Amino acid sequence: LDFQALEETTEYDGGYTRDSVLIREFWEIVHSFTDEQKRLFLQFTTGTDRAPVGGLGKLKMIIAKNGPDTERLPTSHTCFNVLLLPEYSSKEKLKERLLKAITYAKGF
């Protein structure tokens, strides 16, 4: 699981850029995940924990701005590896909501 290949090929949508404070807070949270938190995040956003042939960079993950600050949880579409992330007010709020999402969600 190379989450650095995943970050290198990640696109951003809805106003997010690689410079967005939220996106940098995001990658700080994701790179610091435990191996199980990493497998959960991948299960949540791509539908599987096992990396593809070619590596995590093949996912071409998209992180799309899901509107302004809210307590609404992040959502995903696994047929596109799209993660809808609302612009959260903090980083610990982003970590808390994101972790609750990938731990409590199962199904489509």
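For every residue, the number given is its place in the sequence shown, counted from 1.
Taking only CA atoms, the mean B-factor in the PDB entry is higher for 32 to 40 than for the other of 62 to 70 and 32 to 40. In this crystal structure, the stretch out of 78 to 86 and 45 to 53 whose C-alpha atoms carry the higher mean B factor is 45 to 53.
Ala105: CA B factor lies in the middle third for its chain, per the PDB record. Among the modelled residues of its chain, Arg97 has a C-alpha B-factor that falls in the lowest third according to the deposited record.
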